[PDB]
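Order-wise, the sequence lines are chains A, G, H and D.
Under the entry's author numbering, the residues of the first sequence are numbered 311 to 314, 324 to 620, in order.
Under the entry's author numbering, the residues of the second sequence are numbered 2 to 265, 270 to 315, 325 to 620, in order.
Under the entry's author numbering, the residues of the third sequence are numbered 2 to 109, 114 to 310, in order.
Under the entry's author numbering, the residues of the fourth sequence are numbered 311 to 313, 328 to 620, in order.
The beta-carbon is built from N, C-alpha and C at its ideal position, and this holds for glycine as well.
Reviewing the structure listed below.
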Amino acid sequence: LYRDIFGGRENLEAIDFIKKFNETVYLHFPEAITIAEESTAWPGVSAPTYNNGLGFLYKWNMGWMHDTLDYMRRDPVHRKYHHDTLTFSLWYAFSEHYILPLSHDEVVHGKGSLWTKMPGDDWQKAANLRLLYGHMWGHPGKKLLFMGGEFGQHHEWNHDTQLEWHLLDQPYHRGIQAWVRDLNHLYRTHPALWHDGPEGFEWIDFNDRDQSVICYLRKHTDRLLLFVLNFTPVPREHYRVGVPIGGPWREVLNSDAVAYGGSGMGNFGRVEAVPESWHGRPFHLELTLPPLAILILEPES
Amino acid sequence: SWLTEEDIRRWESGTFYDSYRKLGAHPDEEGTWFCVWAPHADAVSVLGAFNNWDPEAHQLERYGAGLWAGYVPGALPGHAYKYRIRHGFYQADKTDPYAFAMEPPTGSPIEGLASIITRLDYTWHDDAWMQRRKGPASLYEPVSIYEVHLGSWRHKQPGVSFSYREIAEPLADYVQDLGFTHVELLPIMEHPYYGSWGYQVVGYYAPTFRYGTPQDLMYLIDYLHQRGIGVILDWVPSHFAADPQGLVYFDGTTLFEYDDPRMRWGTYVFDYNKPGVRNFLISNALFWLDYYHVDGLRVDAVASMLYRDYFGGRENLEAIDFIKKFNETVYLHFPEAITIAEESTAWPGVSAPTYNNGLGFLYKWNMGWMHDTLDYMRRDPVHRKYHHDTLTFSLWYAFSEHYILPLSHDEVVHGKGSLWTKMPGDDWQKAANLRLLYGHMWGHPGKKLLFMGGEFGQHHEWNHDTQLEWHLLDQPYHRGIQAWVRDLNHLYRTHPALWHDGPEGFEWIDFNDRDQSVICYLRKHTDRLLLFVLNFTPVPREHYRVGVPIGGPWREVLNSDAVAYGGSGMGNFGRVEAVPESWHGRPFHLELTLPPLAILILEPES
Amino acid sequence: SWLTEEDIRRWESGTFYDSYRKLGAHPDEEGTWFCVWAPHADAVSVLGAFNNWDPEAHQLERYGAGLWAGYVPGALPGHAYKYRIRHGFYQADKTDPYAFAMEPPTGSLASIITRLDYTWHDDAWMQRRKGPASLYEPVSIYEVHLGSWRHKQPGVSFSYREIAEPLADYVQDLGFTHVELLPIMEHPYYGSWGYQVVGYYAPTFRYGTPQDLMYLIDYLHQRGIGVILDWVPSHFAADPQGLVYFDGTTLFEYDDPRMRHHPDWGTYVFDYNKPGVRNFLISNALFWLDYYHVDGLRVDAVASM
Amino acid sequence: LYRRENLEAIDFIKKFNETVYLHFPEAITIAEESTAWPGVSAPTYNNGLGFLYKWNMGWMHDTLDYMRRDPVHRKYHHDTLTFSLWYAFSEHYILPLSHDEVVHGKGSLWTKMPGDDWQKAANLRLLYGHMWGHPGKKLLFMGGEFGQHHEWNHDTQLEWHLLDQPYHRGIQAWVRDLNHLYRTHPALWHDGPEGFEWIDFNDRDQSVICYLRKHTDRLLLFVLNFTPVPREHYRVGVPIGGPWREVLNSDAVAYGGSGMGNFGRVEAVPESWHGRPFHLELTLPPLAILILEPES
């Protein structure tokens, strides 16, 4: 787009090439997909040419990737002080049709494995990585994950080497792979996650900075999915979260389940909603938040 | 007792948003009550003509929360008073932070600005305006603001401003002729240095003496409402004035200042952590909306509040919660108030509701638009070709907030040049350029704000020591710009296609004519359409085809080049029959001749 | 950080009774952390096959309260190690006091990095254990030295797993409620019967691994028998490679020369004034009660303390 | 100086210095200026600010940055060490290790040095040795003379208890002995360009520096090994032949050192080394400074 009377840094040649590139593809292939990674805040990368966009269908949410990763290397003791980096991502989550992206670029050149990036001991590293993926799947936008991130590989990605598949013998790595498997199953089945527009996202609570917890909602039409995230290894008991609908609520996924390698703290399936106001909501669920865990909950149907 | 036991608790809470009811000076027929916030004071006394200026005459008594109270028989409206606060070894005289009017004993403000005991009795006649007032619902109504500095606007005689009373009728008459909906006033709160324009404030609860009494200001506001004009006040929670008698080290220690040296403009920032500071500031916000029927509050330099260096980091939370609780409190007590913020960082959700993690303002100045637009139009028309993206890309950022287009006093001052001065070419073209800019500003999504004198295309920069150059209203080009701005405002006020600044309200027609510097776009609400064809080059364009969605006859609603505005007169007939074949991917197209440096605004018929 | 800034504050107080988790050898998936208390040492290093037994390759870094910590990538379970502590001019090789497993190099002792992973089969027992309520119930204790009880052939003791089923039956046939085990903690001179201890945190190798003993308790618990361990907080073993003058100075010993001479044990008594000694001793109490679910501790020679 | 320059202040500083030396001709004024403002130490009549001394904050930054680095890595940062001498005579300078460097999480000088305790003590003894050799006067903030562990905490008293332990008592002895060498030998009194001559600066691989500090007759030879590896048969060129003495060795056991040393009685060999007529064949102790002069 850029090159570094006219004095213009924008390479206008290329911008028309990109625009005529994208136009031509969809004309000859109406069902193709074009994705761009653009690390500037160039507007409307994912926008149609007739609105002066670059004409891509998808743009990498590299802002999200940076913010999320920078937030999760910090130690939970310090996460109190960087709460805004987690919450602020949504502000820019809708300017483009976006793919949340974790890629080779971030797991090379001394930047360290995704697992390596996460702080604390081995259980906490697995917990942190399980949470990162949990919030990543809950966060609006499509999903991309590079090889080896799915089991939480220790080593940086080396092209001269094959992934450390031997790590699949260790339980935590197998649990991370199962967590991702289970995440994709929920993703494929619950349409509340299909719509990454402002439609599909509602905040439940973002103001718990001391305990570093965030609650948000994902909703297409009638269906809704509740996300409660504990970003600290300290378990939370009798934590109330406001909800729109009353009645029995189901626990659809628990990051801390033993099947994923977790402590196993959870809410045992059914939680009953209390017709008492919380977070500006008519009802609320009083839940137990496991250490460094993401909880996905559904009203019962 | 003066203070209810619930009061003190609210002051400790930081929830006393009625605090002007009890703090400051409140007269009876037999005396006046005095109340001061001075937590680190060992003693407080009121001194005045009513008691020999004797420090021991009336020693206020310490209550809870650092609040002091006392009654003085014979202290009457129109006396001056002074607080003598003792911090241990040292003693100091201070002005009332809650002063309801301040007046210079000398006659010169920079010398002395003393508090005067005042009664705020005033009867309003603006019921109809206040019953029909619409704050947040104005997002779907035309909001066109005329920004004014009262002393600079008109002078009754050289170097002497119009009074509040005397200004009312000239201001209302002129604003109505212009078609502006609101007036924005640069800070009215008491300030020593006139050259501050009011942004260095000492008396937050006192309207400035220079233009009259407190009730004189209400009469002005009352009058403006009866005339159907809104009043937005500029408000400065960002910092307080550097005057020793003022808020600086009120108790001999940091009070409105940060207790901590490291943080803290410098030093003269409000410590938003303190419950008393948040009380003082938030009450003052409502105080203006309550006692003076103010329609809106505009907060400047929000970035200086949000960050600290403009693991805790750059962001200041104190300020953001205060800003958030400020906006929440305003809309709770005044659902039809308006809050506007100017933030020169790209802080997200300034215009967003707090429950969405926003700051809670209703409006944000689109200063990006202002910069881009201005950077574009100074360039010579030969060159506008090479910067076409600066103009078109303004809309990529035009919907991130509820925005007000921000042509402001800061833009026309300190060497930046008059808006007129900024435009390139000979005098005809500069007037043309100015007419084009205003045309595009009204077409662009967002509310419109224009500072005094821009409506003439005034030659000189804004000088607070004089009145705008109304003499140029005699030479033809300048009444034409005024006629153009009025006609734009009349079009704005009437056509609902311009009221909706959401992405729904805009459709692109064409933005690719970089060589001819032409822009075609649509502004829509429901059935209603407005088509904008803009020529940023002198070269007239003939048989310029412009695609349109609906066919049939189209009308030429406004022509920047009409001689009534000072233009060449090159124009379409005003009857334009749509050609039934395609242009710009549209079913029909209009074939027009585009006048020089002009904007065409076109509408289909019935 | 291996160690919290709070964990050190707990160490200064002598209020860390979970000190075992911070101290000793702790394997992770890429290596093991080593943590040793050596306050009056100028340098502390871990030496093992995983670094060619060279002091320089891995030197622990001091934190608060004379606590040393360091990570050695490639240090693995089943590896043998030793700490080389330098007190100014002189250096000495030491055993890990918090070693969870010690095995002799000769086969006739070297600290071994070990994992204590075990899944228990005595949930039912623990819920029913009487403790203080046992005063109103019968306790009949069968005292045992595991080496002396039953033999596979002359001079060959029974392993932990092996003895369980023969012993549990004999104890059950006679109706005893508990077995009191003469000290199982690692001790060099078998003829001491276990009362001069080198590995307070390590069960003796002669009868198996830490897991072998954990199961023995598992079985005895399932079969309804209690296990009481004999505990020796009164004194520590004479051999030097062990706790003697650990940091190059008196550490577990009394610093003052007058207190150190004592009847029965001299300069081998624990300095209970030191907070670190109290951490070490009380943590060991819970350690046996926690990781091995022991029902009881029997303290001998209380008068000597 | 700034706010772009503030001339009010610049004339004030110039008149301050002019006035002081008029009323007190033998006073001293020292300035700390953190920009590259020229002629701080220069007389007002030459457009200088009129100070007698300037803190060499440039030196301190380079020096500390170099020694924060591990000897294994110092190879790649050799120029940071050697280049201090390009800017070493721009003003009348005082080498500075002030309180501002041992506060706000910057770490005590001791804490800054890399490796285990011996290397930390060795590094600080080496650092001071080089600082005493480098041109310029010397300033050390209290507690640096023991190499105390903790940052300067004004709310408490210095950790004098560390003076009981060997490594810190050795550094105190080293500073005392360095100060003895300083006052006794005039070769260090002249911080002029004439005073300093390079012996060798291009041993980047082995991270060694050899230099000479001169006044007239007197020479002082400084050889510095910035890696924990003893160097043997290391030849260093010298102007004079004959017997040379070892005046000081940082690695003496009395300072906490290993004790590798030449211990005096070093005879120059007339073989050209480092572009010099005669050469010394020496042993370079670990992370140590040798100071040698011709025998007289």
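> Looking at G:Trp522 and the ligand GTP, is the gap between the Cβ and the nearest heavy atom below 7 Å?
Replying inline: Summarising the ligand content, the structure contains no ligands, and the ligand GTP is consequently not present.
>> Against G:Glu357, what residues of chain A qualify as contacts under a CB-to-CB distance less than 7 Å, listed in chain order?
In response: Going along chain A, no residue has its Cβ under 7 Å from G:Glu357, so there is no contact; the nearest lies around 14 Å.
>> Run through chain D and tell me which residues come within less than 8 Å of H:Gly89, C-beta to C-beta.
In response: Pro490
> Is there at least one Cβ from chain A nearer than 8 Å to residue 317 of chain G's Cβ?
Replying inline: In this structure residue 317 of chain G is absent; chain G steps straight from 315 to 325.
> What residues in the region 20-47 of chain H have a beta carbon less than 7 Å from any beta carbon of chain B?
Replying inline: The structure shown contains no chain B; its protein chains are A, G, H and D.
> Closer than 9 Å, Cβ to any Cβ of chain H: which residues of the region 434-467 of chain D, in chain order?
Replying inline: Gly439, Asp440, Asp441 and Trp442
> Along the region 520-542 of chain G, what residues have a CB closer than 8 Å to any CB found in chain A?
Replying inline: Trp522 and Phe525
>> On the criterion of 16 or more Cβ atoms from any shown chain inside 10 Å, does A:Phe325 qualify as buried, or is it exposed?
In response: exposed
> Is the beta carbon of G:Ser414 less than 8 Å from the beta carbon of G:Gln472?
Replying inline: no
> Closest Cβ-Cβ distance between G:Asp403 and chain A: below 8 Å?
Replying inline: yes
> Which stretch, first to last residue, makes up the alpha helix (DSSP H) that contains D:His402?
Replying inline: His402 to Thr406
> Beta-carbon separation of D:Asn341 and D:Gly374 under 8 Å?
Replying inline: yes
> From the beta carbon of A:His473, is the nearest beta carbon of chain H less than 8 Å away?
Replying inline: yes
>> Quick check on DSSP: helix, strand or coil for H:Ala102?
In response: coil
>> Runs of 4 residues minimum, wholly inside the region 385-459 of chain D: which ones carry the alpha helix (DSSP H) assignment?
In response: 395-398, 402-406, 433-436 and 441-457
> Counting along the chain, where does the beta strand (DSSP E) carrying G:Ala42 start and finish?
Replying inline: Per DSSP, G:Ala42 belongs to no beta strand (DSSP E) and is neither H nor E.
> Does the distance from the C-beta atom of D:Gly583 to that of D:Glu570 stay below 8 Å?
Replying inline: no
> How big is the Cα-Cα spacing for G:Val577 and G:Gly231?
Replying inline: 32 Å
> Taking the alpha carbon of G:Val547 as the point to measure from, which residue in G:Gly561, G:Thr540 and G:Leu463 has its own alpha carbon closest?
Replying inline: G:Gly561
> Tell me, which residues are paired with G:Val149 by DSSP?
Replying inline: G:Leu186
> Of the choices D:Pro610, D:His347 and D:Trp522, whose alpha-carbon is the least far from that of D:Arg555?
Replying inline: D:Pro610
>> When you compare the CB positions of G:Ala308 and G:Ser358, do they come within less than 8 Å of one another, or not?
In response: yes
> When you compare each of G:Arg537, G:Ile233, G:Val282 and G:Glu185 to G:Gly15 by their alpha carbons, which one comes out closest?
Replying inline: G:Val282
>> Can you tell me whether G:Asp529 is helix, strand or coil according to DSSP?
In response: coil
> Quick one, are the C-beta atoms of A:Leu311 and A:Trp379 less than 8 Å apart?
Replying inline: no
>> Is it buried or exposed, A:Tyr377, if we count other Cβ atoms within 10 angstroms and call 16 or more buried?
In response: buried
>> Against chain D, which members of the region 55-67 of chain H pass a CB distance test of less than 7 Å?
In response: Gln60
> Count the other CB atoms within 10 Å of the CB of G:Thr508; is the residue buried (16 or more) or exposed (fewer)?
Replying inline: exposed
>> Just to confirm the assignment, what range does the beta strand (DSSP E) spanning D:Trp597 have?
In response: Segment: none, D:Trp597 is in no beta strand (DSSP E) and carries neither H nor E.
> Does any CB atom of chain G fall closer than 8 Å to the CB of A:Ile337?
Replying inline: no
>> Here's a check: name, in chain order, each residue in its chain whose Cβ is nearer than 7 Å to the Cβ of A:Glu591, leaving out the five neighbours to either side.
In response: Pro567
> For the putative contact between G:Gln443 and G:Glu469, defined by C-beta atoms under 8 Å, what is the C-beta separation to the nearest angstrom?
Replying inline: At roughly 19 Å, the Cβ-Cβ gap does not stay under 8 Å, so G:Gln443 and G:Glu469 are not in contact.
> Taking a cut of 9 Å between CB atoms, which residues from the region 406-426 of chain A lie near chain G?
Replying inline: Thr406, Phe407, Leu409, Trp410, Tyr411 and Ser414
> At a Cβ threshold of 8 Å, is G:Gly565 touching chain A?
Replying inline: no
>> Between A:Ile324 and chain G, is the shortest Cβ-Cβ distance under 8 Å, so that the two count as touching?
In response: yes
> What is the DSSP secondary structure of H:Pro215, reduced to helix, strand or coil?
Replying inline: helix
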